[PDB]
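Asks: I have a structure here, written as structure tokens, and I will follow up with some questions on it.
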Amino acid sequence: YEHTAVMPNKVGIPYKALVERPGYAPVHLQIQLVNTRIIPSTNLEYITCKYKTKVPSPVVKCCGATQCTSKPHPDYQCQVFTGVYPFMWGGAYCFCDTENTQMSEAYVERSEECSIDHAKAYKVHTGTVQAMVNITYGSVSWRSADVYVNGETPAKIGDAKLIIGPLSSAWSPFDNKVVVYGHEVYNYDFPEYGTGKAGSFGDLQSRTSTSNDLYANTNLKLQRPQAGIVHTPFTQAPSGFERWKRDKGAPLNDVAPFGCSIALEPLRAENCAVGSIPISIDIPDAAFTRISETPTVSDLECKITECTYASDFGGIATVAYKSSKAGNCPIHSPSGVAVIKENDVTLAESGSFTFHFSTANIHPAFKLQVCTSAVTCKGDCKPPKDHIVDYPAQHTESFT
Amino acid sequence: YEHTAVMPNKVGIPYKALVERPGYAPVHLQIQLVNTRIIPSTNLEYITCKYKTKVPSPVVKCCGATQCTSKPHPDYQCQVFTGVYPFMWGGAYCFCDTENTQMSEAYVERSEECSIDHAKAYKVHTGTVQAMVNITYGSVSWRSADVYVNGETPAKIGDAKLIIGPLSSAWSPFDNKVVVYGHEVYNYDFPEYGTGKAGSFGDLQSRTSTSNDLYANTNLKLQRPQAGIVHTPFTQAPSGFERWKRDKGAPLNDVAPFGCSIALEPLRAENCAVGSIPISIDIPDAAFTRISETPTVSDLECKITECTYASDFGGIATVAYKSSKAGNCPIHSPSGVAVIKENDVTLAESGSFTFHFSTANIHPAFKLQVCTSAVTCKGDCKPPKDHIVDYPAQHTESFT
Amino acid sequence: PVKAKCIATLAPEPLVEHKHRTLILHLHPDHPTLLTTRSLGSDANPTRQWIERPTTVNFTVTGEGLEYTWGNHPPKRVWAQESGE
């Protein structure tokens with residue numbers, strides 16, 4: 001009875017399949033893939049952020065030169081300068097007039113915002129998708145368990161053992177190269193660590209926040225201070241993190257395909273509705289009811305009464321139930337034409353009980369399996385009027 | 001003068017190319033790819049290790065049953081048992097004879113060796129390869145810098161800016177799925193977390209060492225203790241970590257292709273000699289010597305004297321140097337036929353100085369560029385006798 | 001610099017208007033609001049436009065769904081199956 005089932009990847013709607021175990025009473029499913037969070041394999045390549053030209057205070061030798069050296073600070077720009085007369089609080093102070101030397105030095109450093117407000121590149125591989133699958137199973141009526149997709153993983157949470165996927169729809173909405181910012185995720189071809197052109201994205205490129213080493217192509221060019229005054233002309237491109245916040249591109253949670261949402265959290269891409277998942281469950285046999293205890297319902301009749309050719313469960317149909325015992329009777333349309341809101345219907349001794357459903361074909365000729373009794377609920381449906389609210393329960397469009 | 005150069009991926013041998021900048025004196029390279037450590041993108045999927053059936057001490061109710069419950073311990077096997085008479089230090093102690101009940105319980109737990117002696121699975125992607133490239137450049141004579149392969153990364157360590165790769169030889173010797181053990185790395189199709197058949201590899205499957213949760217398919221089956229004595233029959237497969245240490249497969253540092261070594265370190269695969277790397281350098285123009293300062297060497301003559309048709313630099317050739325000034329003269333064979341040990345030769349006023357080399361064609365017709373003066377060092381070579389020591393400097397085999 | 005949650009923005013609610021597989025949206029913000037969507041087909045066909053001037057816009061919604069982001073107001077979602085009878 002290990003109920004294999006191909007199953008559409010779509011998040012917010014149950015998939016009430018039916019266990020046709022030969023010998024005992026069938027049992028309905030209710031498989032709602034409440035989430036499709038993905039979490040691909042990734043690598044933190046480098047944080048970037050806007051620089052801060054945290055200038056070390058220049059040297060001023062008063063009569064003669066002060067040769068600079070290339071200190072190992074990131075992008076340590078330093079250039080000796082002569083021909084000053086530095087006004088500092090008493091007019092000038094160095095008594096020479098051309099031998100007055102000024103050595104400006106400036107290096108690039110991570111902002112304090114780099115720790116917290118920072119873009120973040122990644123080389124993104126495929127990884128392994130997940131889900132908090134609820135099944136309000138059978139008469140168990142509950143399990144809300146986190147699972148995987150790889151087609152040999154069980155998750156014995158509740159009582160049922162369930163194996164999912166691998167899904168066929170391998171579209172990772174993440175590209176190979178991704179930039180990430182706070183919550184807005186950008187599938188951007190970041191240039192690389194160690195290379196980013198100044199002004200362009202990644203002018204600062206630190207491996208992480210702690211990493212004292214980095215790559216700072218900022219085109220930081222010191223110029224001589226003017227007219228014998230102490231200061232430090234640092235001529236520099238404002239960061240490619242400054243832009244990339246107001247001349248950027250749009251976020252993947254606003255431009256992705258096939259229906260995904262995003263988080264700066266394990267780097268999942270939630271709820272990506274695409275393709276199918278070959279899902280298979282091993283039910284606990286204890287949860288089964290033996291066949292000789294559920295009422296046999298045959299010699300019945302089914303008919304629509306007001307079929308709504310729609311998404312919401314507007315389709316209805318009375319069923320002239322013709323039972324033997326009285327009790328519950330799980331139901332399902334093995335044809336995917338009709339999706340039913342009721343998993344189970346209570347029965348007195350051969351009464352009648354309408355259920356709700358939804359279809360996509362004008363003439364819904366769908367079988368209905370009322371606990372081992374098939375029936376065609378043939379009829380005709382009506383279009384609605386009022387179509388602006390969230391996503392459907394029908395999801396069965398085909399040739400009609 | 002940004003000297004692009006395709007370049008064979010091979011670790012332990014320099015690649016003494018020649019900078020043909022039009023206008024100033026050429027300069028030799030010496031590019032020795034001292035390492036090719038790889039570090040693909042990976043994911044710790046689950047540690048495994050051998051179990052320890054750390055039995056909790058069974059209950060013994062003396063007259064009547066003790067129903068067990070399925071505690072959430074990993075693989076919590078528990079089975080009530082009756083019909084005992086448990087000899088414990090005073091003969092038996094429970095005064096009944098069949099109502100004597102014994103509840104055995106045993107769960108699986110990580111060994112203490114799991115922390116330290118443990119296999120380790122991975123889903124392995126491609127990542128990005130590295131190298132501690134020495135260049136004893138020109139007259140600079142030194143830089144030993146760690147670099148990348150991605151074809152826009154510089155590494156301004158020393159004075160030269162150098163861009164490497166991307167290499168064309170994308171054979172990651174790691175497979176997609178890999179198991180890792182201490183130092184021996186196995187490109188093994190580990191089954192998965194959450195699934196591993198008992199006895200088979202990964203009977204215990206813990207995400208990490210800290211992870212209290214795991215998957216323990218050990219087929220742990222308790223049996224009733226014998227003849228009214230206190231103990232706990234635990235019938236269990238010894239681990240698939242016990243085997244996998246003496247019925248395993250061989251390590252990738254002993255079965256890989258195309259010449260790699262391995263470490264349990266950043267998961268590199270060192271020194272993988274395969275294919276070529278399109279390498280390009282921006283030399284410091286200060287390091288150049290202008291053309292009007294090196295001796296012009298033309299009106300010379302070259303000839304082999306004892307060419308050794310071999311790997312070690314056995315090939316030699318005097319050169320009737322015909323200089324103008326006296327000094328140094330960088331040398332190289334732009335043809336890859338001949339690989340030369342000397343980058344540079346000193347020159348008096350038109351003397352003669354032999355160099356060493358190695359070739360692969362019986363009639364080595366290779367040009368020699370003695371600081372802007374070409375010459376064919378045509379001749380004939382002799383096979384050696386003594387071929388059992390490490391790897392060559394020739395690496396130029398072609399049609400001969 | 002710390003990760004405070006600023007007391008923060010919110011744009012006035014939209015006026016949802018139905019049409020056949022189409023959202024007319026008479027819209028009227030307080031300030032320039034970046035609206036954007038994601039037609040959830042594998043054809044994404046997204047849209048972006050800062051809206052400061054009140055504007056009746058349109059969105060060809062498909063069968064499977066669209067989502068709708070009126071500023072930092074949370075993202076909406078919409079079933080547009082048929083309405084052409």
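Each chain in the structure tokens gets a letter, A, B, ..., in the order shown, and its residues are numbered from 1; ligands are numbered from 1 in order too.
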Can you check which parts of chain A lie within 7 Å of chain B? Per residue, the shortest pair of atoms and distance in Å to one decimal, counting only C-alpha atoms, sorted by chain and number, as JSON lines.
Replies:
```
{"residue": "A:41", "atom": "CA", "partner": "B:43", "partner_atom": "CA", "distance": 6.7}
{"residue": "A:43", "atom": "CA", "partner": "B:41", "partner_atom": "CA", "distance": 6.9}
{"residue": "A:125", "atom": "CA", "partner": "B:125", "partner_atom": "CA", "distance": 6.9}
{"residue": "A:152", "atom": "CA", "partner": "B:195", "partner_atom": "CA", "distance": 6.2}
{"residue": "A:153", "atom": "CA", "partner": "B:194", "partner_atom": "CA", "distance": 5.4}
{"residue": "A:154", "atom": "CA", "partner": "B:194", "partner_atom": "CA", "distance": 6.6}
{"residue": "A:194", "atom": "CA", "partner": "B:153", "partner_atom": "CA", "distance": 5.5}
{"residue": "A:195", "atom": "CA", "partner": "B:153", "partner_atom": "CA", "distance": 5.2}
```
Asks: How would the residues just chosen look if you wrote them out with C-alpha atoms as a compact mmCIF listing (two decimals), in the first residue's frame?
Replies:
```txt
# COMPACT_ATOMS: atom_id res chain seq x y z
CA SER A 41 24.28 25.09 -1.82
CA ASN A 43 29.43 30.03 -0.64
CA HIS A 125 24.80 25.78 -6.50
CA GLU A 152 14.80 8.26 -0.32
CA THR A 153 14.35 10.45 2.77
CA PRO A 154 11.53 9.53 5.15
CA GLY A 194 39.66 40.91 -5.83
CA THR A 195 38.69 42.69 -9.08
```
Asks: Out of stretch 55-265 of chain A, which residues get strand (DSSP E or B) from DSSP, as JSON, numbers by chain?
Replies: {"A": [59, 60, 61, 77, 78, 79, 80, 81, 82, 87, 101, 102, 103, 104, 105, 106, 109, 110, 119, 120, 121, 122, 123, 131, 134, 135, 144, 147, 161, 162, 163, 177, 178, 179, 180, 181, 184, 185, 186, 204, 205, 206, 214, 215, 216, 221, 222, 229, 234, 235, 261, 262]}
Asks: Check which residues of chain C sit at most 9 Å from chain A using only C-alpha atoms, and return one row each with the closest pair of atoms and their distance in Å to one decimal, ordered by chain and rising number, as JSON lines.
Replies:
```
{"residue": "C:1", "atom": "CA", "partner": "A:113", "partner_atom": "CA", "distance": 5.7}
{"residue": "C:2", "atom": "CA", "partner": "A:116", "partner_atom": "CA", "distance": 6.7}
{"residue": "C:3", "atom": "CA", "partner": "A:116", "partner_atom": "CA", "distance": 7.0}
{"residue": "C:16", "atom": "CA", "partner": "A:388", "partner_atom": "CA", "distance": 7.4}
{"residue": "C:17", "atom": "CA", "partner": "A:388", "partner_atom": "CA", "distance": 7.4}
{"residue": "C:18", "atom": "CA", "partner": "A:388", "partner_atom": "CA", "distance": 5.8}
{"residue": "C:19", "atom": "CA", "partner": "A:387", "partner_atom": "CA", "distance": 7.5}
{"residue": "C:20", "atom": "CA", "partner": "A:387", "partner_atom": "CA", "distance": 7.8}
{"residue": "C:21", "atom": "CA", "partner": "A:387", "partner_atom": "CA", "distance": 7.8}
{"residue": "C:22", "atom": "CA", "partner": "A:388", "partner_atom": "CA", "distance": 8.7}
{"residue": "C:23", "atom": "CA", "partner": "A:388", "partner_atom": "CA", "distance": 7.4}
{"residue": "C:36", "atom": "CA", "partner": "A:254", "partner_atom": "CA", "distance": 6.2}
{"residue": "C:37", "atom": "CA", "partner": "A:254", "partner_atom": "CA", "distance": 5.8}
{"residue": "C:38", "atom": "CA", "partner": "A:255", "partner_atom": "CA", "distance": 5.8}
{"residue": "C:39", "atom": "CA", "partner": "A:257", "partner_atom": "CA", "distance": 7.2}
{"residue": "C:40", "atom": "CA", "partner": "A:259", "partner_atom": "CA", "distance": 4.3}
{"residue": "C:41", "atom": "CA", "partner": "A:258", "partner_atom": "CA", "distance": 4.7}
{"residue": "C:42", "atom": "CA", "partner": "A:258", "partner_atom": "CA", "distance": 4.1}
{"residue": "C:43", "atom": "CA", "partner": "A:257", "partner_atom": "CA", "distance": 5.8}
{"residue": "C:44", "atom": "CA", "partner": "A:257", "partner_atom": "CA", "distance": 4.0}
{"residue": "C:45", "atom": "CA", "partner": "A:255", "partner_atom": "CA", "distance": 7.4}
{"residue": "C:46", "atom": "CA", "partner": "A:255", "partner_atom": "CA", "distance": 5.2}
{"residue": "C:47", "atom": "CA", "partner": "A:255", "partner_atom": "CA", "distance": 7.7}
{"residue": "C:48", "atom": "CA", "partner": "A:250", "partner_atom": "CA", "distance": 7.7}
{"residue": "C:63", "atom": "CA", "partner": "A:397", "partner_atom": "CA", "distance": 8.9}
{"residue": "C:64", "atom": "CA", "partner": "A:391", "partner_atom": "CA", "distance": 7.4}
{"residue": "C:65", "atom": "CA", "partner": "A:391", "partner_atom": "CA", "distance": 6.2}
{"residue": "C:66", "atom": "CA", "partner": "A:390", "partner_atom": "CA", "distance": 8.4}
{"residue": "C:67", "atom": "CA", "partner": "A:390", "partner_atom": "CA", "distance": 8.4}
{"residue": "C:69", "atom": "CA", "partner": "A:254", "partner_atom": "CA", "distance": 8.5}
{"residue": "C:76", "atom": "CA", "partner": "A:390", "partner_atom": "CA", "distance": 7.3}
{"residue": "C:77", "atom": "CA", "partner": "A:390", "partner_atom": "CA", "distance": 4.5}
{"residue": "C:78", "atom": "CA", "partner": "A:390", "partner_atom": "CA", "distance": 3.6}
{"residue": "C:79", "atom": "CA", "partner": "A:391", "partner_atom": "CA", "distance": 4.2}
{"residue": "C:80", "atom": "CA", "partner": "A:387", "partner_atom": "CA", "distance": 5.6}
{"residue": "C:81", "atom": "CA", "partner": "A:311", "partner_atom": "CA", "distance": 7.1}
{"residue": "C:82", "atom": "CA", "partner": "A:383", "partner_atom": "CA", "distance": 7.6}
{"residue": "C:83", "atom": "CA", "partner": "A:385", "partner_atom": "CA", "distance": 6.0}
{"residue": "C:84", "atom": "CA", "partner": "A:383", "partner_atom": "CA", "distance": 7.5}
{"residue": "C:85", "atom": "CA", "partner": "A:383", "partner_atom": "CA", "distance": 4.8}
```
Asks: Calculate how many Å separate atom CA of residue A:281 from atom CA of residue A:17, rounding to one decimal.
Replies: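 One can read the atom CA of residue A:281 to atom CA of residue A:17 distance as 11.2 Å.
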Asks: Applying 12 Å and only C-alpha atoms, which residues near residue A:76 remain after dropping the ones on its own chain fewer than 6 positions away? List them as JSON, numbers by chain.
Replies: {"A": [53, 54, 55, 56, 68, 69, 70, 104, 105, 106, 107, 108, 109, 213, 214, 215, 216, 217, 218, 219, 220, 221, 222, 234]}
Asks: Residues near residue C:57, anyone? I mean within 10 Å using only C-alpha atoms, not counting same-chain ones fewer than 2 positions away, as a list in words.
Replies: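 Counting only the stated atoms, we get residues 23, 24, 25, 26, 27, 54, 55 and 59 of chain C.
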Asks: Provide the atom CA of residue B:209 to atom CA of residue B:244 distance in Å, to one decimal place.
Replies: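 So the answer is 19.0 Å.
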Asks: Residues near residue B:303, anyone? I mean within 8 Å using only C-alpha atoms, not counting same-chain ones fewer than 4 positions away, as a count of residues only.
Replies: 6
Asks: Measuring between only C-alpha atoms, which one of B:21, B:177, B:16, B:231 shows the shortest distance to residue B:59?
Replies: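 Looking at the shortest contact to residue B:59, the residue is B:231.
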Asks: Record the distance separating atom CA of residue B:144 and atom CA of residue B:283, expressed in Å with one decimal.
Replies: 15.3 Å
Asks: Would you kindly return, as a list in words, each protein, DNA or RNA residue with an atom no farther than 8 Å from any atom of residue A:375, considering only C-alpha atoms and excluding same-chain residues fewer than 3 positions away?
Replies: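 Once the nearby chain positions are removed, what remains is residues 301, 302, 367, 368 and 369 of chain A.
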Asks: Determine, counting only C-alpha atoms, which protein, DNA and RNA residues have an atom within 12 Å of an atom of stretch 352-354 of chain B; residues of the same chain fewer than 6 positions away are not included. Present the result as number ranges by chain.
Replies: B: 297, 300-307, 314-323, 326, 328-329, 331, 340-342, 344-346, 370, 377
Asks: Can you spit out the residues from that selection as an mmCIF file, in the first residue's frame, using C-alpha atoms?
Replies:
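part_16.cif was written with the following content:
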```cif
data_model
loop_
_atom_site.group_PDB
_atom_site.id
_atom_site.type_symbol
_atom_site.label_atom_id
_atom_site.label_comp_id
_atom_site.auth_asym_id
_atom_site.auth_seq_id
_atom_site.Cartn_x
_atom_site.Cartn_y
_atom_site.Cartn_z
ATOM 1 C CA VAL B 297 73.676 40.354 -29.571
ATOM 2 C CA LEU B 300 76.003 35.501 -33.350
ATOM 3 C CA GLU B 301 75.976 31.736 -33.807
ATOM 4 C CA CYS B 302 74.317 28.902 -31.885
ATOM 5 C CA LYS B 303 74.944 25.182 -31.877
ATOM 6 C CA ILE B 304 74.277 22.231 -29.648
ATOM 7 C CA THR B 305 77.305 20.392 -28.357
ATOM 8 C CA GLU B 306 75.753 17.496 -26.437
ATOM 9 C CA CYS B 307 71.990 17.424 -26.816
ATOM 10 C CA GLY B 314 70.572 17.590 -20.478
ATOM 11 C CA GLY B 315 70.490 19.524 -23.718
ATOM 12 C CA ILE B 316 73.291 22.066 -24.026
ATOM 13 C CA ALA B 317 74.402 24.508 -26.672
ATOM 14 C CA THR B 318 77.203 26.991 -26.915
ATOM 15 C CA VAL B 319 76.294 30.326 -28.447
ATOM 16 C CA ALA B 320 78.864 32.520 -30.174
ATOM 17 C CA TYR B 321 77.564 35.685 -28.574
ATOM 18 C CA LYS B 322 78.297 38.804 -30.613
ATOM 19 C CA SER B 323 77.379 41.667 -28.316
ATOM 20 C CA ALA B 326 78.354 43.877 -22.080
ATOM 21 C CA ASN B 328 72.822 40.510 -19.048
ATOM 22 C CA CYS B 329 70.597 39.173 -21.788
ATOM 23 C CA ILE B 331 66.751 34.248 -23.120
ATOM 24 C CA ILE B 340 65.686 26.204 -20.912
ATOM 25 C CA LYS B 341 67.077 26.223 -17.387
ATOM 26 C CA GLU B 342 68.685 29.649 -17.723
ATOM 27 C CA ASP B 344 69.301 35.069 -18.222
ATOM 28 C CA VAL B 345 72.869 34.896 -19.481
ATOM 29 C CA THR B 346 75.660 37.297 -18.624
ATOM 30 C CA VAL B 370 68.654 36.172 -26.901
ATOM 31 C CA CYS B 377 69.908 26.055 -32.524
#
```
